[PDB]
Amino acid sequence: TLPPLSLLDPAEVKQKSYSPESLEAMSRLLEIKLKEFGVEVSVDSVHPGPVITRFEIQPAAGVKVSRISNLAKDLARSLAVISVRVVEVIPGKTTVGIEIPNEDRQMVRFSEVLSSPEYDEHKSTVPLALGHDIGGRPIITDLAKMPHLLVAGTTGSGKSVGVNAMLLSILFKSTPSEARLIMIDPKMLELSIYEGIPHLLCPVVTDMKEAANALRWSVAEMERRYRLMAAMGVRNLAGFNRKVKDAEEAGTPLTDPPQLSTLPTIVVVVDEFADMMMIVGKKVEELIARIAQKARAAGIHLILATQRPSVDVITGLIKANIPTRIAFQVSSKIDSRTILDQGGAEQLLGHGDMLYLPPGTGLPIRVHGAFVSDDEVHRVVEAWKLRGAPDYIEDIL
Amino acid sequence: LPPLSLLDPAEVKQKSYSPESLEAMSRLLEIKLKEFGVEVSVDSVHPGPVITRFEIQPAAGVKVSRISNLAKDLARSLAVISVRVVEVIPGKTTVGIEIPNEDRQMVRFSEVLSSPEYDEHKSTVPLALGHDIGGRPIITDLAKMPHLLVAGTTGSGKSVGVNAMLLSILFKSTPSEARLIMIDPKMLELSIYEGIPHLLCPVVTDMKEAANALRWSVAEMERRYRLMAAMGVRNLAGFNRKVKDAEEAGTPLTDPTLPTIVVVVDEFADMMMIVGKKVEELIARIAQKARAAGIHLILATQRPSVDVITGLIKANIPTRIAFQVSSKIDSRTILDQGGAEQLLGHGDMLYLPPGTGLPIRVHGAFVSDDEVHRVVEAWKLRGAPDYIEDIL
Amino acid sequence: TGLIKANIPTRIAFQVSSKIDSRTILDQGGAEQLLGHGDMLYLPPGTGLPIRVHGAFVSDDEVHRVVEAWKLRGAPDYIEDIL
DNA sequence: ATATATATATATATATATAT
DNA sequence: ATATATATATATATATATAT
Ligand SMILES: Nc1ncnc2c1ncn2[C@@H]1O[C@H](COP(=O)(O)OP(=O)(O)O)[C@@H](O)[C@H]1O
Ligand SMILES: Nc1ncnc2c1ncn2[C@@H]1O[C@H](COP(=O)(O)OP(=O)(O)O)[C@@H](O)[C@H]1O
Ligand SMILES: Nc1ncnc2c1ncn2[C@@H]1O[C@H](COP(=O)(O)OP(=O)(O)O)[C@@H](O)[C@H]1O
Ligand SMILES: [Mg+2]
């Protein structure tokens, strides 16, 4: 009874297209305005895209890539653009990629992302339709193996819309028997509108006295599920669901060290982690650390939307266990490496232009975050409440 | 309402610049840059009230950082206080240097209200806080900020800035829409406001009488927030939709027009220290849902320290205004960038929008305390005050 | 303390022994470069650049003379309930 | 133009010195 | 007795500002 994708707004902005004459002219202009800075290049390919256009240049014989990155602001100021991003390492090809933003920004809608094959047949209970890559290819990842996340970026750069797109990716694919959310929300403006779905376990947790109890129940559920899985000769949640479905195949509900069924995939979401720490502090610090360390094999996954994550806010022991991190628009090369261990997250655009950093890879996949206005979230949540009852667990609080 | 013909009519100045003066200054800028390393060609000039912008076309190979570092030696070599380099102006190729004038002209408040946006501003709490570089008024809506973080080192137009903000709040409102509860610790500012119907109590000048008004504000926001759900509406305009259509259809809608109430918080460092924590962790309570029930704050202080503007108060209010501050140390706790102390003073600010990260150079408006007395007396003469007992 | 620096806009620092003390007083860092013996930089009411004011010398063989010139003209008036 | 030298921001780890 | 706040040393990353 999963909702129809028709509840999302249609693809409209597909009208944009640039003639190859303009690309020729702009590539020659790029070569000239670089050669005016000492570095000579040769535009090799002109790979276009929705928001940016990767002018894949071939550096000369002897020029260093740093001699290009250190002028990624002068070159931008001298091309009548906002800010160019220099992809100092293309994977596979022996080039440097300059990504000059377009004039009219083809917006990305969310039905454009979900209608893609990578989402059609993504066999995980918890996918995440992040958006389109720099060329229109959709980027769809798996929070189940991710296994956690750290949203960041300054004010007005698309963090709330990012979390919204992620949650809607959770909804259009997973029943309450395959996913089950838990949401904390200090400074409530955009997450309250999710209340009532059959995927929650609590109200929208604004009572910071009750956030601690929610996360303590989360840790307790982690412990209980580890006990229950270790008593059944398995090594993670996926193998446990395999065993229970093979049991139901033989029509035999297994023991309960009566009956056991498939277990959900908890998703603990936290918006603006800094405001939560400014209230609960050390009381819910060991809790986040302990639900981030040993809560992958169980299923309790942890999203953490935040502004600039510093060790003052998100401690090192928590960041050292959340290895997949996105960044929308930091302010400098230190606000960048606080969230992404690199630079270049300041050389972006607002309005939802993230840098997805896959787990265990030093190359941020620049992704354009899908746009989801609150009307879409409302027309999805009100359609969920029609399908299920607000199943809550007061025992959590 | 008190009409526009109650303020000082903006004195007519012929000008502070001539085309030959701008041309000579542009040539001087090019020559003083050529004496340095850079090579520069000025193409366009944009005059302004206080700061004048020179959009320069740097030569092929000139890195912007070089001019941004030569900023101070330009300030010296041009015989000015200090200039600032707008490193990237949108949609162009020219770097913008901003040179202070020699004949400052004042931003008089009638010149700010008579602007076409204040008259057309569709709200009840506009903070018409003066012109910008170009000389175009910068009017913002309180209910969308939805709170404020005015600060700046002493003698930076702060009392006058807050007075202009409050006069803007007043000038286009009645007690049925806007309403005020002022907090003036130092016995110094806002003591003039005593008899306007926009007040709910005698101006809270005692400091242990301030926790009372604060607790009443909390109770008021949290009872309006329940009264909303009693009709399913969300914002105060929504709850007003009923009672202003209950007169278009004659509807007896009862207790199952509430006005916006702007708690005017001034020099809150005092209130902080003479109360303690029951005020330190109470504005953080208000700011959460006050933005939906008319309650609003104008949090202002005259020393932005680390223990006065705390992360428990700072993070619930993203809209923040500076003035000429001591140095970068207070710049980083009243704003989040660099250049909030290098302001020409006497009203200049860096307004930071709610959903932006670039503060706009804004020239504050100057309001004569004579005209403040005049307009407060005008309000006292139009209607009459009305207070409430439990405010304590 | 923060309480003392809170509501005292006007400050006067003679030559302090280091720079941390100069920031403790003025928040400027220019008090440690004073030539001693009554030299001081005045941070005027309000704020701004600290003006340097070489203090004036008065000798304890003159404070006593002035105390005498006053004492002869009046008498100690100690309001009882102060202490 | 390109290799170093000096200042600064951020994060870790330790020793004191305060408070509960 | 046992948690915080501060100052320090040290290690990276980043620009500017001098040598060759
Ligand atoms: N995918 C997108 N495309 C275009 N604009 C977007 C997109 N995502 C977000 N925005 C813009 O960003 C704003 C929301 O930013 P937000 O996530 O609230 O930042 P913050 O939470 O830091 O204030 C919206 O006003 C919207 O216009
Ligand atoms: N926009 C302006 N135009 C002219 N003079 C101004 C302006 N803003 C401030 N001033 C001058 O600065 C003074 C305001 O000082 P203020 O910053 O209120 O002191 P404090 O910070 O101690 O309250 C006014 O008396 C006025 O003379
Ligand atoms: N105007 C002045 N010129 C030169 N020396 C001065 C002046 N004023 C004070 N002094 C010096 O200051 C000294 C007194 O300082 P002192 O009272 O010992 O300081 P403290 O009591 O704070 O330790 C005198 O020895 C005198 O020489
Ligand atoms: Mg947000």
# chains A, B, ... in the order shown; residues from 1 in each chain; ligands from 1
$ residues_near_ligand --ligand "ligand 4" --cutoff "7 Å" --atoms "only C-alpha atoms (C1' of nucleotides) and all ligand atoms" --output "compact mmCIF listing (two decimals) with C-alpha atoms, in the first residue's frame"
# COMPACT_ATOMS: atom_id res chain seq x y z
CA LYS A 159 19.90 21.18 5.32
CA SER A 160 16.21 20.98 6.21
CA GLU A 190 10.26 21.70 9.66
$ interface_residues --of "chain E" --to "chain A" --cutoff "12 Å" --atoms "only C-alpha atoms (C1' of nucleotides)" --output "NGL selection string"
:E and (3-4 or 12-15)
$ residues_around --residues "residue B:190" --least-positions-apart "5" --cutoff "10 Å" --atoms "only C-alpha atoms (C1' of nucleotides)" --output "list in words"
residues 159, 162, 163, 166, 182, 183, 184, 185, 203, 205, 264 and 266 of chain B
$ write_last_selection --atoms "N, CA, C and O atoms" --output "CSV table (one decimal), in the first residue's frame"
chain,number,residue,atom,x,y,z
B,159,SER,N,21.7,53.2,21.1
B,159,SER,CA,20.5,53.8,21.7
B,159,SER,C,19.6,54.4,20.6
B,159,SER,O,18.4,54.3,20.6
B,162,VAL,N,18.1,51.6,18.3
B,162,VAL,CA,16.9,51.0,19.0
B,162,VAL,C,15.8,51.9,19.1
B,162,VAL,O,14.6,51.5,18.9
B,163,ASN,N,16.0,53.2,19.3
B,163,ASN,CA,14.9,54.2,19.3
B,163,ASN,C,14.3,54.3,18.0
B,163,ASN,O,13.0,54.4,17.9
B,166,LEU,N,12.1,51.1,17.5
B,166,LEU,CA,10.9,51.2,18.2
B,166,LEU,C,9.9,52.3,17.6
B,166,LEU,O,8.7,52.0,17.6
B,182,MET,N,8.6,47.0,27.7
B,182,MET,CA,9.9,47.5,27.6
B,182,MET,C,10.7,47.1,28.8
B,182,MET,O,10.2,46.9,29.9
B,183,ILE,N,12.0,46.9,28.6
B,183,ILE,CA,13.0,46.5,29.7
B,183,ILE,C,14.2,47.4,29.5
B,183,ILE,O,15.0,47.2,28.6
B,184,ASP,N,14.3,48.4,30.4
B,184,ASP,CA,15.4,49.4,30.3
B,184,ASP,C,16.2,49.4,31.7
B,184,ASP,O,15.9,50.1,32.6
B,185,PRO,N,17.3,48.6,31.8
B,185,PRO,CA,18.0,48.5,33.1
B,185,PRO,C,18.7,49.7,33.5
B,185,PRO,O,18.5,50.1,34.7
B,203,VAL,N,6.9,50.7,32.4
B,203,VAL,CA,8.2,50.2,31.7
B,203,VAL,C,9.0,49.6,32.8
B,203,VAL,O,9.4,50.2,33.8
B,205,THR,N,11.6,48.8,34.8
B,205,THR,CA,12.9,49.4,35.0
B,205,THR,C,13.6,48.8,36.2
B,205,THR,O,14.9,48.7,36.2
B,264,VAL,N,10.4,44.6,24.3
B,264,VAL,CA,11.5,45.4,24.0
B,264,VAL,C,12.6,45.2,25.0
B,264,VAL,O,12.5,45.7,26.1
B,266,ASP,N,16.4,45.6,26.2
B,266,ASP,CA,17.4,46.6,26.0
B,266,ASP,C,18.5,46.4,27.0
B,266,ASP,O,18.2,46.2,28.2
$ interface_residues --of "chain C" --to "chain B" --cutoff "8 Å" --atoms "only C-alpha atoms" --output "PyMOL selection string"
chain C and resi 6+46-47
$ write_last_selection --atoms "N, CA and C atoms" --output "compact mmCIF listing (two decimals), in the first residue's frame"
# COMPACT_ATOMS: atom_id res chain seq x y z
N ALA C 6 32.14 45.25 33.48
CA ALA C 6 30.80 45.36 32.92
C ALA C 6 30.39 46.82 32.74
N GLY C 46 32.89 56.21 27.21
CA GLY C 46 32.68 55.54 25.94
C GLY C 46 33.90 54.70 25.62
N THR C 47 34.23 54.61 24.34
CA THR C 47 35.41 53.88 23.91
C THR C 47 36.09 54.67 22.79
$ residues_near_ligand --ligand "ligand 1" --cutoff "8 Å" --atoms "only C-alpha atoms (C1' of nucleotides) and all ligand atoms" --output "ChimeraX atom specification"
/A:107-109,153-162,307,350-353,368-373 /B:354-355
$ write_last_selection --atoms "C-alpha atoms" --output "compact mmCIF listing (two decimals), in the first residue's frame"
# COMPACT_ATOMS: atom_id res chain seq x y z
CA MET A 107 16.17 23.05 -10.57
CA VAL A 108 15.99 19.42 -9.46
CA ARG A 109 12.62 18.05 -8.40
CA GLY A 153 26.50 23.78 6.09
CA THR A 154 25.68 27.35 7.04
CA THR A 155 22.23 28.91 7.32
CA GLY A 156 20.11 28.92 4.19
CA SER A 157 21.95 26.17 2.32
CA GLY A 158 19.45 23.32 2.21
CA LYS A 159 19.90 21.18 5.32
CA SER A 160 16.21 20.98 6.21
CA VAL A 161 15.34 20.14 2.60
CA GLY A 162 18.10 17.52 2.65
CA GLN A 307 25.32 23.63 11.50
CA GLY A 350 23.42 27.44 -1.85
CA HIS A 351 19.91 26.10 -2.40
CA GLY A 352 20.88 22.50 -1.74
CA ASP A 353 24.24 21.78 -3.41
CA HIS A 368 22.66 18.49 -6.21
CA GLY A 369 20.11 17.99 -3.45
CA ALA A 370 16.55 17.45 -4.60
CA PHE A 371 14.03 20.16 -3.76
CA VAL A 372 11.01 19.26 -1.64
CA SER A 373 8.73 22.14 -0.67
CA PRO B 354 17.63 35.35 8.70
CA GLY B 355 18.42 33.00 5.84
$ residues_near_ligand --ligand "ligand 2" --cutoff "8 Å" --atoms "only C-alpha atoms (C1' of nucleotides) and all ligand atoms" --output "ChimeraX atom specification"
/B:105-108,152-161,189,302,345-348,363-367 /C:46
$ residues_near_ligand --ligand "ligand 3" --cutoff "10 Å" --atoms "only C-alpha atoms (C1' of nucleotides) and all ligand atoms" --output "tab-separated table (two decimals) with N, CA, C and O atoms, in the first residue's frame"
chain	number	residue	atom	x	y	z
C	14	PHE	N	48.39	52.40	34.34
C	14	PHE	CA	49.80	52.76	34.33
C	14	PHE	C	50.56	51.60	33.70
C	14	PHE	O	49.97	50.68	33.14
C	35	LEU	N	56.37	54.28	30.01
C	35	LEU	CA	57.70	54.55	30.53
C	35	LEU	C	57.76	54.62	32.05
C	35	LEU	O	58.76	55.09	32.59
C	36	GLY	N	56.72	54.17	32.75
C	36	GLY	CA	56.75	54.16	34.20
C	36	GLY	C	56.76	55.53	34.84
C	36	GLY	O	56.83	56.54	34.14
C	37	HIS	N	56.68	55.57	36.17
C	37	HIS	CA	56.74	56.82	36.93
C	37	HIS	C	55.63	57.78	36.51
C	37	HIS	O	55.88	58.87	36.00
C	38	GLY	N	54.40	57.35	36.74
C	38	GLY	CA	53.24	58.19	36.52
C	38	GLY	C	52.71	58.23	35.10
C	38	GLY	O	51.72	58.92	34.85
C	39	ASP	N	53.32	57.50	34.17
C	39	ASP	CA	52.82	57.47	32.81
C	39	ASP	C	51.63	56.52	32.72
C	39	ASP	O	51.64	55.43	33.29
C	54	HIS	N	50.44	61.62	30.36
C	54	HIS	CA	51.50	61.55	31.36
C	54	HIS	C	51.00	62.16	32.66
C	54	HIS	O	50.75	63.36	32.73
C	55	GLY	N	50.85	61.32	33.69
C	55	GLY	CA	50.28	61.79	34.94
C	55	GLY	C	51.10	62.89	35.57
C	55	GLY	O	52.28	63.09	35.28
C	56	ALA	N	50.45	63.63	36.47
C	56	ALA	CA	51.07	64.74	37.17
C	56	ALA	C	51.60	64.27	38.52
C	56	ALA	O	50.99	63.43	39.18
C	57	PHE	N	52.74	64.83	38.92
C	57	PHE	CA	53.41	64.44	40.15
C	57	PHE	C	52.93	65.30	41.31
C	57	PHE	O	52.94	66.53	41.22
C	58	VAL	N	52.53	64.65	42.39
C	58	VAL	CA	52.20	65.31	43.64
C	58	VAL	C	52.95	64.62	44.77
C	58	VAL	O	53.05	63.39	44.80
C	59	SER	N	53.52	65.41	45.67
C	59	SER	CA	54.41	64.91	46.71
C	59	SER	C	53.68	64.86	48.04
C	59	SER	O	52.90	65.76	48.36
C	60	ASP	N	53.94	63.81	48.82
C	60	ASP	CA	53.26	63.64	50.11
C	60	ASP	C	53.57	64.77	51.08
C	60	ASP	O	52.90	64.87	52.12
$ closest_atom_pairs --of "chain B" --to "chain A" --cutoff "12 Å" --atoms "only C-alpha atoms" --output "JSON lines"
{"residue": "B:57", "atom": "CA", "partner": "A:78", "partner_atom": "CA", "distance": 9.7}
{"residue": "B:58", "atom": "CA", "partner": "A:78", "partner_atom": "CA", "distance": 9.5}
{"residue": "B:59", "atom": "CA", "partner": "A:36", "partner_atom": "CA", "distance": 9.6}
{"residue": "B:60", "atom": "CA", "partner": "A:36", "partner_atom": "CA", "distance": 5.8}
{"residue": "B:61", "atom": "CA", "partner": "A:37", "partner_atom": "CA", "distance": 4.9}
{"residue": "B:62", "atom": "CA", "partner": "A:37", "partner_atom": "CA", "distance": 8.2}
{"residue": "B:63", "atom": "CA", "partner": "A:74", "partner_atom": "CA", "distance": 6.1}
{"residue": "B:64", "atom": "CA", "partner": "A:74", "partner_atom": "CA", "distance": 6.5}
{"residue": "B:65", "atom": "CA", "partner": "A:74", "partner_atom": "CA", "distance": 8.8}
{"residue": "B:66", "atom": "CA", "partner": "A:74", "partner_atom": "CA", "distance": 11.1}
{"residue": "B:86", "atom": "CA", "partner": "A:77", "partner_atom": "CA", "distance": 11.6}
{"residue": "B:87", "atom": "CA", "partner": "A:77", "partner_atom": "CA", "distance": 8.5}
{"residue": "B:88", "atom": "CA", "partner": "A:77", "partner_atom": "CA", "distance": 6.3}
{"residue": "B:89", "atom": "CA", "partner": "A:77", "partner_atom": "CA", "distance": 8.4}
{"residue": "B:90", "atom": "CA", "partner": "A:82", "partner_atom": "CA", "distance": 7.0}
{"residue": "B:91", "atom": "CA", "partner": "A:80", "partner_atom": "CA", "distance": 5.2}
{"residue": "B:92", "atom": "CA", "partner": "A:80", "partner_atom": "CA", "distance": 5.0}
{"residue": "B:93", "atom": "CA", "partner": "A:78", "partner_atom": "CA", "distance": 5.2}
{"residue": "B:94", "atom": "CA", "partner": "A:77", "partner_atom": "CA", "distance": 7.7}
{"residue": "B:95", "atom": "CA", "partner": "A:77", "partner_atom": "CA", "distance": 8.2}
{"residue": "B:96", "atom": "CA", "partner": "A:77", "partner_atom": "CA", "distance": 11.4}
{"residue": "B:234", "atom": "CA", "partner": "A:189", "partner_atom": "CA", "distance": 11.9}
{"residue": "B:281", "atom": "CA", "partner": "A:279", "partner_atom": "CA", "distance": 9.7}
{"residue": "B:284", "atom": "CA", "partner": "A:187", "partner_atom": "CA", "distance": 9.8}
{"residue": "B:285", "atom": "CA", "partner": "A:187", "partner_atom": "CA", "distance": 10.0}
{"residue": "B:286", "atom": "CA", "partner": "A:187", "partner_atom": "CA", "distance": 11.1}
{"residue": "B:287", "atom": "CA", "partner": "A:187", "partner_atom": "CA", "distance": 8.8}
{"residue": "B:288", "atom": "CA", "partner": "A:187", "partner_atom": "CA", "distance": 5.9}
{"residue": "B:289", "atom": "CA", "partner": "A:188", "partner_atom": "CA", "distance": 8.4}
{"residue": "B:290", "atom": "CA", "partner": "A:187", "partner_atom": "CA", "distance": 11.5}
{"residue": "B:291", "atom": "CA", "partner": "A:189", "partner_atom": "CA", "distance": 10.3}
{"residue": "B:292", "atom": "CA", "partner": "A:189", "partner_atom": "CA", "distance": 10.6}
{"residue": "B:310", "atom": "CA", "partner": "A:278", "partner_atom": "CA", "distance": 9.8}
{"residue": "B:311", "atom": "CA", "partner": "A:278", "partner_atom": "CA", "distance": 7.0}
{"residue": "B:312", "atom": "CA", "partner": "A:278", "partner_atom": "CA", "distance": 6.1}
{"residue": "B:313", "atom": "CA", "partner": "A:278", "partner_atom": "CA", "distance": 9.7}
{"residue": "B:314", "atom": "CA", "partner": "A:275", "partner_atom": "CA", "distance": 10.1}
{"residue": "B:315", "atom": "CA", "partner": "A:275", "partner_atom": "CA", "distance": 7.0}
{"residue": "B:316", "atom": "CA", "partner": "A:187", "partner_atom": "CA", "distance": 7.3}
{"residue": "B:317", "atom": "CA", "partner": "A:187", "partner_atom": "CA", "distance": 10.4}
{"residue": "B:318", "atom": "CA", "partner": "A:155", "partner_atom": "CA", "distance": 8.7}
{"residue": "B:319", "atom": "CA", "partner": "A:155", "partner_atom": "CA", "distance": 10.9}
{"residue": "B:336", "atom": "CA", "partner": "A:331", "partner_atom": "CA", "distance": 9.6}
{"residue": "B:337", "atom": "CA", "partner": "A:331", "partner_atom": "CA", "distance": 9.0}
{"residue": "B:338", "atom": "CA", "partner": "A:331", "partner_atom": "CA", "distance": 11.6}
{"residue": "B:352", "atom": "CA", "partner": "A:155", "partner_atom": "CA", "distance": 11.1}
{"residue": "B:353", "atom": "CA", "partner": "A:155", "partner_atom": "CA", "distance": 10.0}
{"residue": "B:354", "atom": "CA", "partner": "A:155", "partner_atom": "CA", "distance": 8.0}
{"residue": "B:355", "atom": "CA", "partner": "A:156", "partner_atom": "CA", "distance": 4.7}
{"residue": "B:356", "atom": "CA", "partner": "A:156", "partner_atom": "CA", "distance": 5.8}
{"residue": "B:357", "atom": "CA", "partner": "A:155", "partner_atom": "CA", "distance": 6.7}
{"residue": "B:358", "atom": "CA", "partner": "A:331", "partner_atom": "CA", "distance": 10.2}
$ select_by_dssp --residues "stretch 38-74 of chain C" --states "alpha helix (DSSP H)" --output "list in words"
residues 60, 61, 62, 63, 64, 65, 66, 67, 68, 69, 70 and 71 of chain C
$ write_last_selection --atoms "N, CA and C atoms" --output "mmCIF file, in the first residue's frame"
data_model
loop_
_atom_site.group_PDB
_atom_site.id
_atom_site.type_symbol
_atom_site.label_atom_id
_atom_site.label_comp_id
_atom_site.auth_asym_id
_atom_site.auth_seq_id
_atom_site.Cartn_x
_atom_site.Cartn_y
_atom_site.Cartn_z
ATOM 1 N N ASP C 60 53.938 63.805 48.822
ATOM 2 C CA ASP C 60 53.264 63.636 50.106
ATOM 3 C C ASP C 60 53.569 64.765 51.083
ATOM 4 N N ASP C 61 54.558 65.608 50.785
ATOM 5 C CA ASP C 61 54.783 66.839 51.532
ATOM 6 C C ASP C 61 53.893 67.977 51.054
ATOM 7 N N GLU C 62 52.953 67.676 50.164
ATOM 8 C CA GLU C 62 51.948 68.618 49.699
ATOM 9 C C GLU C 62 50.530 68.163 49.983
ATOM 10 N N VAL C 63 50.256 66.864 49.859
ATOM 11 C CA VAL C 63 48.968 66.326 50.281
ATOM 12 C C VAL C 63 48.714 66.667 51.742
ATOM 13 N N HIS C 64 49.761 66.599 52.570
ATOM 14 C CA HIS C 64 49.619 66.948 53.980
ATOM 15 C C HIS C 64 49.293 68.424 54.155
ATOM 16 N N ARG C 65 49.939 69.288 53.373
ATOM 17 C CA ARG C 65 49.645 70.714 53.442
ATOM 18 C C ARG C 65 48.197 70.995 53.065
ATOM 19 N N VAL C 66 47.687 70.299 52.050
ATOM 20 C CA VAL C 66 46.305 70.520 51.633
ATOM 21 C C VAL C 66 45.336 69.969 52.676
ATOM 22 N N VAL C 67 45.653 68.802 53.242
ATOM 23 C CA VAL C 67 44.852 68.253 54.332
ATOM 24 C C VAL C 67 44.785 69.236 55.490
ATOM 25 N N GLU C 68 45.899 69.903 55.795
ATOM 26 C CA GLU C 68 45.882 70.915 56.847
ATOM 27 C C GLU C 68 45.008 72.100 56.454
ATOM 28 N N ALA C 69 45.169 72.586 55.220
ATOM 29 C CA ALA C 69 44.402 73.739 54.762
ATOM 30 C C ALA C 69 42.903 73.480 54.817
ATOM 31 N N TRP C 70 42.481 72.232 54.629
ATOM 32 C CA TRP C 70 41.072 71.885 54.784
ATOM 33 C C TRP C 70 40.675 71.648 56.234
ATOM 34 N N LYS C 71 41.432 70.813 56.949
ATOM 35 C CA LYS C 71 41.168 70.505 58.349
ATOM 36 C C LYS C 71 40.958 71.768 59.172
#
$ select_by_dssp --residues "chain C" --states "strand (DSSP E or B)" --output "ChimeraX atom specification"
/C:11-14,39-43,51-54
$ write_last_selection --atoms "N, CA, C and O atoms" --output "mmCIF file, in the first residue's frame"
data_model
loop_
_atom_site.group_PDB
_atom_site.id
_atom_site.type_symbol
_atom_site.label_atom_id
_atom_site.label_comp_id
_atom_site.auth_asym_id
_atom_site.auth_seq_id
_atom_site.Cartn_x
_atom_site.Cartn_y
_atom_site.Cartn_z
ATOM 1 N N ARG C 11 38.647 53.675 32.031
ATOM 2 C CA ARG C 11 39.711 52.954 32.709
ATOM 3 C C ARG C 11 41.022 53.709 32.565
ATOM 4 O O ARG C 11 41.214 54.486 31.625
ATOM 5 N N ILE C 12 41.924 53.474 33.514
ATOM 6 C CA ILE C 12 43.229 54.125 33.546
ATOM 7 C C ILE C 12 44.263 53.086 33.945
ATOM 8 O O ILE C 12 44.189 52.523 35.042
ATOM 9 N N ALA C 13 45.221 52.826 33.064
ATOM 10 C CA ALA C 13 46.269 51.849 33.321
ATOM 11 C C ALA C 13 47.622 52.536 33.269
ATOM 12 O O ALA C 13 47.958 53.181 32.271
ATOM 13 N N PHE C 14 48.391 52.397 34.341
ATOM 14 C CA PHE C 14 49.798 52.763 34.329
ATOM 15 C C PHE C 14 50.564 51.603 33.696
ATOM 16 O O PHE C 14 49.970 50.677 33.138
ATOM 17 N N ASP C 39 53.321 57.502 34.173
ATOM 18 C CA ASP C 39 52.818 57.465 32.808
ATOM 19 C C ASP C 39 51.627 56.522 32.719
ATOM 20 O O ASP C 39 51.639 55.430 33.292
ATOM 21 N N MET C 40 50.595 56.951 31.995
ATOM 22 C CA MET C 40 49.357 56.194 31.893
ATOM 23 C C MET C 40 48.670 56.548 30.585
ATOM 24 O O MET C 40 48.842 57.651 30.059
ATOM 25 N N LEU C 41 47.895 55.605 30.063
ATOM 26 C CA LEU C 41 47.097 55.829 28.865
ATOM 27 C C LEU C 41 45.628 55.779 29.263
ATOM 28 O O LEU C 41 45.179 54.813 29.889
ATOM 29 N N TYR C 42 44.897 56.834 28.925
ATOM 30 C CA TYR C 42 43.535 57.032 29.398
ATOM 31 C C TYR C 42 42.560 56.485 28.363
ATOM 32 O O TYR C 42 42.611 56.870 27.192
ATOM 33 N N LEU C 43 41.692 55.571 28.795
ATOM 34 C CA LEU C 43 40.635 55.058 27.937
ATOM 35 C C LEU C 43 39.380 55.866 28.225
ATOM 36 O O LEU C 43 38.688 55.592 29.216
ATOM 37 N N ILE C 51 43.839 57.378 24.695
ATOM 38 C CA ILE C 51 44.706 58.549 24.699
ATOM 39 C C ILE C 51 45.751 58.389 25.793
ATOM 40 O O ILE C 51 45.467 57.870 26.879
ATOM 41 N N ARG C 52 46.975 58.822 25.503
ATOM 42 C CA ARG C 52 48.085 58.709 26.437
ATOM 43 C C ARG C 52 48.227 60.010 27.208
ATOM 44 O O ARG C 52 48.307 61.086 26.608
ATOM 45 N N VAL C 53 48.263 59.907 28.532
ATOM 46 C CA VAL C 53 48.273 61.064 29.414
ATOM 47 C C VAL C 53 49.361 60.853 30.455
ATOM 48 O O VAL C 53 49.221 60.000 31.339
ATOM 49 N N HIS C 54 50.438 61.624 30.364
ATOM 50 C CA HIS C 54 51.500 61.546 31.358
ATOM 51 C C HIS C 54 51.002 62.156 32.660
ATOM 52 O O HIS C 54 50.754 63.363 32.730
#
$ closest_residue --among "B:240, B:383, B:225, B:28" --to "residue B:253" --atoms "only C-alpha atoms"
B:240
$ residues_around --residues "residue A:340" --least-positions-apart "5" --cutoff "9 Å" --atoms "only C-alpha atoms (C1' of nucleotides)" --output "ChimeraX atom specification"
/A:324-327,335,345,355,357,364
